[PDB]
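Working notes for the structure below.
Only the coordinates and a few stated rules stand behind these numbers; no lab work does. Please note: Cβ atoms are built from the backbone with ideal geometry, for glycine as well, and neighbour counts cover all protein chains shown.
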Amino acid sequence: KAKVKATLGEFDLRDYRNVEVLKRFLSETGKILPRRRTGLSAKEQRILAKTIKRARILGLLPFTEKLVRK
Amino acid sequence: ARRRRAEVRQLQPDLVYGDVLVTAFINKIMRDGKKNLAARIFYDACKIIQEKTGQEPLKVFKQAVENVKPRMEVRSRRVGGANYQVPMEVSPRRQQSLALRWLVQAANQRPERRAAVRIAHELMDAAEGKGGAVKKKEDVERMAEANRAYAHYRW
Amino acid sequence: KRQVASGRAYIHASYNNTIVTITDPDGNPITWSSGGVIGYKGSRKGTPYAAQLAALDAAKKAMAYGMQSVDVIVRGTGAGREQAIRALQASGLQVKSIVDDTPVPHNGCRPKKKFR
RNA sequence: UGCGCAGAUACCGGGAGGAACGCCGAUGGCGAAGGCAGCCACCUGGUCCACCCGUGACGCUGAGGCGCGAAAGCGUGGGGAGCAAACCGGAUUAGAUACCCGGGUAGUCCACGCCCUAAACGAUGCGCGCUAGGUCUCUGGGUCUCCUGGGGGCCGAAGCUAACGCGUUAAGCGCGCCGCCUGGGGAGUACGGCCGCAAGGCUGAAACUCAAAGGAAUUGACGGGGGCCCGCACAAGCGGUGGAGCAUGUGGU
Ligand SMILES: [Mg+2]
Ligand SMILES: [Mg+2]
Ligand SMILES: [Mg+2]
Ligand SMILES: [Mg+2]
Ligand SMILES: [Mg+2]
Ligand SMILES: [Mg+2]
Ligand SMILES: [Mg+2]
Ligand SMILES: [Mg+2]
Ligand SMILES: [Mg+2]
Ligand SMILES: [Mg+2]
Ligand SMILES: [Mg+2]
Ligand SMILES: [Mg+2]
Ligand SMILES: [Mg+2]
Ligand SMILES: [Mg+2]
Ligand SMILES: [Mg+2]
Ligand SMILES: [Mg+2]
Ligand SMILES: [Mg+2]
Ligand SMILES: [Mg+2]
Ligand SMILES: [Mg+2]
Ligand SMILES: [Mg+2]
Ligand SMILES: [Mg+2]
Ligand SMILES: [Mg+2]
Ligand SMILES: [Mg+2]
Ligand SMILES: [Mg+2]
Ligand SMILES: [Mg+2]
Ligand SMILES: [Mg+2]
Ligand SMILES: [Mg+2]
Ligand SMILES: [Mg+2]
Ligand SMILES: [Mg+2]
Ligand SMILES: [Mg+2]
Ligand SMILES: [Mg+2]
Ligand SMILES: [Mg+2]
Ligand SMILES: [Mg+2]
Ligand SMILES: [Mg+2]
Ligand SMILES: [Mg+2]
Ligand SMILES: [Mg+2]
Ligand SMILES: [Mg+2]
Ligand SMILES: [Mg+2]
Ligand SMILES: [Mg+2]
Ligand SMILES: [Mg+2]
Ligand SMILES: [Mg+2]
Ligand SMILES: [Mg+2]
Ligand SMILES: [Mg+2]
Ligand SMILES: [Mg+2]
Ligand SMILES: [Mg+2]
Ligand SMILES: [Mg+2]
Ligand SMILES: [Mg+2]
Ligand SMILES: [Mg+2]
Ligand SMILES: [Mg+2]
């Protein structure tokens, strides 16, 4: 499987308002993908976590979703 | 059998019907090593069944056996304290042994006086679907589908 | 007496029981079944067989109200959580979709000693 | 046991309230220790790097003192969802003052004030200097296969250690300073003292008694430990014994 950073452009890791890019870093559910799947660095993931959470308080990214399978 | 598969014994074909199933049935009738007695019992019973009914005794032997074969049984398995009666299928080999054994043990519970009389009559009843053998088979198949709730313990 | 003909079927699957509710698309229930509704009483209620028979009882109870299309919601883990779904598929109800909505807290409430 | 026909469980919607922050999440980070996980803002401490700019030995340790100090517990006033000592039941059991199940008070949370213990652990005081490397990682800087600082890991040179192991994050080589040990039990007891509302803490003996107490490692036994594997050990199956009468041997008388 490819990683998210690999298939992506030059984006601002701090911009909490960009949903189009942040939604790429959530799972099927609303969870935050581990660095193994996001391809980010330790620092980069540390920043993404915060900006995703900020965006979740704004109603932009979800806290959790429902799994359609099984 | 802890090491190997314990291969099945290959019986000798029947001296009369050239058929192995018959030889095995004779073996289950035989007691105290009297195979001549058992064979004369079986064959005189073949005369009985072939006369009192005008059909070939071979086909009736096979049919009677076939109607006693159980397709499912129950086996205990030790699970978290007291064990459970757990249904599962029956090996074709085991269907064989069980059906023949049940046939003989049932025939000797018959009221008839002579051996070959009981053998013939039980063969006829079991081939028609009645008779004690078919009741042991129907009761075992009742053991499955009753404890069916444990179908996840298959093993 | 309702004629919904389409709705939701909720599979609540715990280790001690599996119970099925069947509702209209607005969530309001129609009929339901459970492990105790069919004959079983004790531990046998949490078995996958009882999950099958509960699912089927509730599906037949849905037929009389006209149900054909069903969306399946699933909450919980336990034996016969899958078996209840597989019974729901061959129940004659066409299964529209299947979702797992099992509620997990974000570490809010202290569990019983049993769950630590 | 409990709850449910006064309609529970399951499902949808609305509302209240308390507590804790899923994923990120790490073998990760920060802190002197205790300890610190949603998010935003304010106030605020430590720490690291680069420049080589300023002061000019201003340093290290540290008996007393003073401040901090998980949980539990104490006082007053709140609060009180979930859990839950004590306690009330239900089971289990030889018994069950327990493990399991249904409940439930303190408490767990807040404020303010007490208490000062701990497997408070790296069971390893602080500071400096010297002694091969290799590898993973967090975070700075650089002429950015790499080089160079500061943390966190794993192997391992020299060396040390009783051994396990330690090994530039020393348990190696040295130096300064503080704290502490001196056989097991009696005993963290007794007395006095200081402190505390209390519970209790800090200090801390003796008589008496014993030929031990202990550390690490070794072979072996054992495990209601693990992996693997045999035997009529189980299973599948056939015939028996246990019952009768008798033969015979033994116990008892
Ligand atoms: Mg149950
Ligand atoms: Mg599983
Ligand atoms: Mg836990
Ligand atoms: Mg009632
Ligand atoms: Mg009642
Ligand atoms: Mg009442
Ligand atoms: Mg609701
Ligand atoms: Mg509210
Ligand atoms: Mg209240
Ligand atoms: Mg985690
Ligand atoms: Mg200068
Ligand atoms: Mg000068
Ligand atoms: Mg100092
Ligand atoms: Mg001091
Ligand atoms: Mg304290
Ligand atoms: Mg406290
Ligand atoms: Mg209090
Ligand atoms: Mg109070
Ligand atoms: Mg409770
Ligand atoms: Mg309790
Ligand atoms: Mg009790
Ligand atoms: Mg009792
Ligand atoms: Mg006992
Ligand atoms: Mg600690
Ligand atoms: Mg020292
Ligand atoms: Mg200093
Ligand atoms: Mg290293
Ligand atoms: Mg760089
Ligand atoms: Mg640190
Ligand atoms: Mg280093
Ligand atoms: Mg050496
Ligand atoms: Mg080492
Ligand atoms: Mg050096
Ligand atoms: Mg050193
Ligand atoms: Mg040493
Ligand atoms: Mg002494
Ligand atoms: Mg003490
Ligand atoms: Mg004194
Ligand atoms: Mg005193
Ligand atoms: Mg006093
Ligand atoms: Mg007391
Ligand atoms: Mg030892
Ligand atoms: Mg062993
Ligand atoms: Mg045992
Ligand atoms: Mg034996
Ligand atoms: Mg046996
Ligand atoms: Mg005898
Ligand atoms: Mg009798
Ligand atoms: Mg006898």
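Things worth noting here:
- Of the criteria (1) under 28 Å from B:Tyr153 (Cβ atoms); (2) not in a strand (DSSP E or B), which one C:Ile19 fails: (2)
- Look at the stretch C:61-77: where a residue is more than 14 Å from C:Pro29 (Cα to Cα) and touching a residue at least 12 places away in the same chain (Cβ under 8 Å) and a partner is within 16 Å of ligand 1 (Cβ to nearest atom) and among the polar types (S, T, N, Q), sitting 6+ places away or on another chain with Cβ atoms under 7 Å, you get C:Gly76/C:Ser14.
- Filter result for C:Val74 (within 14 Å of another protein chain (Cβ to nearest Cβ), surrounded by fewer than 19 Cβ atoms within 10 Å (Cβ to Cβ), touching a helix residue (DSSP H, G or I) at 6+ places or on another chain (Cβ under 9 Å) and under 19 Å from A:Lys66 (Cβ atoms)): no
- Qualifying residue in the stretch C:25-36 (condition: more than 16 Å from ligand 1 (Cβ to nearest atom), acidic (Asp, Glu) and surrounded by 13 or more Cβ atoms within 10 Å (Cβ to Cβ)): no
- Listed by first and then second residue, the pairs with beta-carbon distance under 9 Å, at least 6 apart or on different chains, first residue in the stretch B:131-155 and within 12 Å of another protein chain (Cβ to nearest Cβ), second loosely packed, with under 13 Cβ neighbours inside 10 Å, are B:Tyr150/B:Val79; B:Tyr153/B:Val79.
- Selection within the stretch C:1-15: residues that are in a loop (DSSP other than H, G, I, E, B) and more than 10 Å from RNA strand D (Cβ to nearest atom). The member of this set that is nearest to the other protein chains (Cβ to nearest Cβ) is C:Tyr15.
- Top-ranked residue of the stretch A:15-31 - restricted to ones that are outside any helix (DSSP H, G or I) and either within 14 Å of chain C (Cβ to nearest Cβ) or among the charged types (D, E, K, R) (or both), ranked as nearest to RNA strand D (Cβ to nearest atom): A:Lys31
- Some residue of the stretch C:99-108 being within 16 Å of ligand 1 (Cβ to nearest atom), more than 15 Å from the chain's Cα centre (by Cα) and within 11 Å of another protein chain (Cβ to nearest Cβ): no
- Residue list for the stretch C:77-98, filter: among the aliphatic types (A, V, I, L, M), touching a strand residue (DSSP E or B) at 6+ places or on another chain (Cβ under 6 Å) and more than 13 Å from chain A (Cβ to nearest Cβ): C:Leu93
- Residues within the stretch C:22-41 that are within 11 Å of chain B (Cβ to nearest Cβ) and within 13 Å of RNA strand D (Cβ to nearest atom), tallied: 1
- Each residue in the stretch A:32-61 was checked for being outside any helix (DSSP H, G or I) and surrounded by fewer than 14 Cβ atoms within 10 Å (Cβ to Cβ), and 4 of them qualify.
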